[PDB]
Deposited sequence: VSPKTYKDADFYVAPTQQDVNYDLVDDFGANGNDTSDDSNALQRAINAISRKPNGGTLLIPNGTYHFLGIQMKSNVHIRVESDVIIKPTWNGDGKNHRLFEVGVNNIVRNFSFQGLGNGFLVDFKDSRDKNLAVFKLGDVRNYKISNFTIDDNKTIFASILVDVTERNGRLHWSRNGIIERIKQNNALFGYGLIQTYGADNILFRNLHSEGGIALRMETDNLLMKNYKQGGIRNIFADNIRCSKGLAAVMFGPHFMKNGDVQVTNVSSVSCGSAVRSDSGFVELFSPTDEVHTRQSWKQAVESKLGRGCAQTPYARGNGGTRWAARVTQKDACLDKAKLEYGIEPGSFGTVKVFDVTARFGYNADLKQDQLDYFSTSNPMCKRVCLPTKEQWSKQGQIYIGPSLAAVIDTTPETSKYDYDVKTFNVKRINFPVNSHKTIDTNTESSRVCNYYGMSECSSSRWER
């Protein structure tokens, strides 16, 4: 088999005529030489441009700017000079914040945001806000986002959210677009560069994340569970990389039925694996309105599905036991089923060994073959991450990890071609699947603690 080819125009079509060309500083008065907010100047620039029949271009010149909660509009095309630094404006209302929103509160068509030359910088290192995302997308079609570096500080949320939004009684999401040429430094393990929820015909290219996951196709937004609309279909990706993280590319459908995906040229250095695929599953969440405990939510679930039908709940989410019998009961009561992907193919995978990968607890038993004494693995301190057990740092485990339920009726497949490993120790794993043997060789909660230097990267 060989991969299918494509051209940029299959996804995005640039404007062939425009009405205006404005400068953020010269025409709208922003100041790139101070530490003050520039959001009003950018929002007026965007609105003035969208009011012209054929839209236009806006240049953000060299300097340092502060933005938050910007609403993008139709027919607006933003270009950013190579020495620009963009930082988030402080907002202490404790809510979830984004620098830019595209189609979340309205309809957007024909839009782009691109860095010139070798790209610019989005810097979160001086921010006190932990709940930050760079872009949140909704009802937008025919768009392009490209060329910059993100200096993260282990914030919550993935940097680019390819999400859904409600309007007129149903959900809407993005279609026809390109997201490319972005590097992220110091990401928190549970997040990373991209997270996809709802999407049709999108191309992801030249993306790299240090920590977490670069292209995380984990479709679990609760709105999609209620309306039963969303998911991703007809997705293409090329040159996706990971360093000191979980994986470069990951598939995790949760409860959603998704479509087809094609990926070429995946690489990693000191990551758990280059490619990762999780089984679909049904998880029941406890109401915030009601007070519960670990064992209290588990009991509440088994009292409806049956005994042995609920896995131990975690910070509360209870995952239904992987047994056709229980799964058939959960559908009748909650009307939910395990999700999946349609056709998925990944070509040319290269994994380079290292001692500083992000690792999950349920993966540590795979060191039994090559690292029987669990050397070089550490547990982050409570100060570093308060929920001990959710993250470990240690040697890379394999080139590919696949835990889809092969012998089950709810299985889905992710096929890999031309997989290679570099500098791995004797007896390590190439592909880990549900039949791979393992044994406990690590001290889960009593092992050595990670030094500050090792966690901070």
property: Deposited residues absent from the coordinates (by C-alpha); result: 316 to 322
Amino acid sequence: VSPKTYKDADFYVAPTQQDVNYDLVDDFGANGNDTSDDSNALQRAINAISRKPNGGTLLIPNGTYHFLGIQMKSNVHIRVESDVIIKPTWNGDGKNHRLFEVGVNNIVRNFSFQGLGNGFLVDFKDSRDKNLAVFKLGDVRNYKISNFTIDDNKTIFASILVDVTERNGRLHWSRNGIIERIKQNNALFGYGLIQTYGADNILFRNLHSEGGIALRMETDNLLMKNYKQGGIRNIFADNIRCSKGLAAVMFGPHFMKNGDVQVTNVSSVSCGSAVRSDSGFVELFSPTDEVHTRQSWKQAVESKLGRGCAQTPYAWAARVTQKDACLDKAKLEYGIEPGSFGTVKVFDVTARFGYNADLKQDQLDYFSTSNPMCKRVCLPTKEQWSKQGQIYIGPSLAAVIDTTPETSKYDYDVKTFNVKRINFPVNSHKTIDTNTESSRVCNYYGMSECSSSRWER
From here on, numbers count along this sequence of modelled residues.
query	finding
Entry-level comparison of average CA B-factors, 220 to 228 and 131 to 139, reporting the higher stretch	220 to 228
Of 365 to 373 and 260 to 268, the one with larger mean CA B-factor	365 to 373
Member of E180, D358, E166, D151 with the greatest C-alpha B factor (per the PDB record)	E166
Which of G339, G335, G190, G198 ranks first by CA B-factor in the deposited coordinates	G335
Position of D93 among the chain's modelled residues by C-alpha B-factor, lowest, middle or highest third	highest
CA B-factor placement of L171, once the chain's modelled residues are sorted into thirds	middle
Record-listed C-alpha B factor of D348: chain third	middle
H254 - which third its CA temperature factor falls in, relative to the rest of the chain	middle
B-factor third for the C-alpha atom of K244 within its chain	middle
